[PDB]
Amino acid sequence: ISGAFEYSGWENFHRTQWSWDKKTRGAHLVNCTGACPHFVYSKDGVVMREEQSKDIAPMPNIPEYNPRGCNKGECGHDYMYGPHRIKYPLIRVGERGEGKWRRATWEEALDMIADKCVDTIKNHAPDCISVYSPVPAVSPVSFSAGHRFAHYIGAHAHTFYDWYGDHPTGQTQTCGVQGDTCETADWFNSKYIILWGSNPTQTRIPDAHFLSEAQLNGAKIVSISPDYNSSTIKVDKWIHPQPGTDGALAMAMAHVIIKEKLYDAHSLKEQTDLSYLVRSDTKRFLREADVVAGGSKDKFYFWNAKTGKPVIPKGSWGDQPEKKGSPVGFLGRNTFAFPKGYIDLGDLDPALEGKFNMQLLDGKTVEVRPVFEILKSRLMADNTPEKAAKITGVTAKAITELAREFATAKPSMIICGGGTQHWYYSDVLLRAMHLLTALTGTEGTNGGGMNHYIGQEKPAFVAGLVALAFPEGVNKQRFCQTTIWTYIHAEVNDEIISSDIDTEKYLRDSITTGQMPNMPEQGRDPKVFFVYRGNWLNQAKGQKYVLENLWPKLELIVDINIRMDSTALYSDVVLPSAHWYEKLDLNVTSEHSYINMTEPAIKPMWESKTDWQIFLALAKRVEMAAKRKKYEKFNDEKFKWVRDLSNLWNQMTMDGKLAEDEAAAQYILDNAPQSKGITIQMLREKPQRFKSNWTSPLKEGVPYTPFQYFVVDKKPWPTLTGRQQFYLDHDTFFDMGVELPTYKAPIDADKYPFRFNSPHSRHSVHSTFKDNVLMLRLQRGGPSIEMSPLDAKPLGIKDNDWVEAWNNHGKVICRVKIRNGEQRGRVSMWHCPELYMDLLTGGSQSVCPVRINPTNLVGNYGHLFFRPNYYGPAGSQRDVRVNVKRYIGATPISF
């Protein structure tokens, strides 16, 4: 043979298929937590394919992150040329939801929105206009477009961290932080991992390799899931309790650890509140105001065994830090101003057990006890493994062995997710998970801690994002609490009686007293609704109440989208947004510590524009709608703000400095300590790692782990107690029976026999990629809902039959997948398919209402206060109970 074989000439047919003339950096801007670096391959102006760039600089002795990516990302270019893409601005001509449109120019569509927006400010209020755009870390420039737009005209923004249920509500109650977790690389540093309500084989695909590689490196993994999920096939131990009974498993594990003295007593004396003295008369924390005249209500006492005297613990809410700092968004207070080693235990020896007598100003001595003492007495009585065995269905010896193993391995770490966070009582549940972590003393250690993983919810450079989104101040911006917002305007019946839990009482008292917001104010209806980067209608719990009650209240609903989703299908105007491979935007996550981005592979296709350029184009139309309607300046007394709508475009661009997409992206990086020094060109070449983080110092070659400013540097925790606070002595917490971590049985207000589960599927990123044709051919052609054969057999249900689920809130008809791994008495429908998919009626949200836990409404207890996505009602939905019936209107034979 010469130098090329017999067939080298023809084989160029295959060599030409893997060819290109252009490669650019691309990212997929969906709420996925992936944020995986990709390259985009174009030829002749047509994007041909995408592939992971695999260019994350690895960390020493730990596996690298690459390739990352997933099955949805490797066909993300289908949304450039697929049948779902919005090409032109569309104006509804039929009824909402029919898909009957007329093509319109940008001018006509942007004038119509400008005409209605200026009308709403004039005749009603600016807070009757609102913009919903979720998770800014996914696309911070696109997030900032509509928010800066609403920022200057007076519209109110939304929350999403809690509305989705991603917000670790139990972590903000305990630690006083918005929410933090270690990056997934530190999963390799662990010896004992508990996958607790988390299915990372499907829900953490680009990061799931660290778990198996850890087990191949000596570690052990436990899976706590009622169903034998995809991830369970690799763990060493599988615990399957009844749905929602995990709190009884956690408290029984605390009992064993506390009974058998397995806990880290020193870590408990230094970093917790279990040594704080609680009065046996009022069940309250003993305070300095109770004992000393002019004493603080936000200062407390522990009993020091070294001196036999009570000592005021240092760094609580009443203790000020000499030289203050600016408020930090993800903290209840800025405890970083305190000096290093401030809460170092030193020579102190706080007593965890015992009874003591303290005497107050009023003359009377009162018996006080530490939090650890009251908790221990209740654990030994209520939370024995035998009693948890009868509640959870897990044997007492399996519960005991799990606790002994969790306390013995170092480091041990809990990885929780939606399976444990989307319940009505998930706050007290995560408090139980933080107690187990506090007992073992693994918080702040590589391979340990209580780690939560949800949506793409950590924009590390929040300061630069704040600058682009809310330039004149986050305190000069209106926010609604979207869980409250939906609940009220959609007139939801949550089926919970007022004599059991008076939700309306807790909700209204929280609002009229300023603890939680309710917009529009004065009881006005919402009138204008901007939806982009989120499928709000399709993902909204209480969806049937929303369609019937809230949706008619809106006069104009605008959807800016790359495709026609369910929200856009039921909208009044749909504007085409540019694909991810046609725009410039940043993209980060909490799963890894790098800044990813996307850049235009080609120009925006058809008449589409980028989100940043759309709101800039609308800003000039509103500038002229106000001119025409003679309403250019108006006084917004809430902020003493004489707004100028005639100069909206200059305020959107800082007099033109931020008129282009890359400029606003550079502005975000330039105004945050995590990213200053990084430019767009650096990110265009190679994914750059953050320069700092949130609750710990970022270290070269070491995976990040949170809370090390408090557990290592000994700065106070941003809680009322200054520590990891497990005793929450608020009236509303006593009313619910959760002043301490305990078991709260799930809600059974839906009088129906099947618990309704709706986990996240590996076959989509929420509603995105649900209608992807390749994804559907990788399943059974449409949505799915799973039953155990022990339930489908007495009902006459066969595999792939149509089944009918319903409660008092609505009804869904969907094809069933009978699965032996499914646990009897519960049904799992993969969450929120698009309404127009293979569903005979409604969707997964039709059977779900909106429910509000009163503990999530507290806004007057130290670190418990409303801040957008820091505290507020969680949008739980795992308590939903439905019935199942075989739909006999269509029974196709199989062959």
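Residue indices: 1-based, along the sequence shown.
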For this session: Look over 841 to 849 and 22 to 30 in the entry and identify the one with the greater average Cα temperature factor.
Result: 22 to 30
Exercise. Got a sec? Mean C-alpha B-factor, which is higher, 720 to 728 or 282 to 290?
Worked result: 282 to 290
For this session: Can you pull the Cα B-factors for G455, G542, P576, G197 from the entry and say which is highest?
Result: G455
Exercise. Checking the entry, which one of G418, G76, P313, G218 has the top C-alpha B factor?
Worked result: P313
For this session: Pull the Cα B-factor of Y41 out of the PDB entry and bin it into the chain's lowest, middle or highest third.
Result: highest
Exercise. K885: which third of its chain by C-alpha temperature factor?
Worked result: middle
For this session: Consider only the C-alpha atoms of the modelled residues in this chain, order them by B-factor as the entry records it, and name the third containing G308: lowest, middle or highest.
Result: highest
Problem set entry | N772 - Cα temperature factor, lowest/middle/highest third of chain | middle
For this session: Please rank the C-alpha B-factors of the chain's modelled residues and tell me whether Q651 sits in the lowest, middle or highest third.
Result: highest
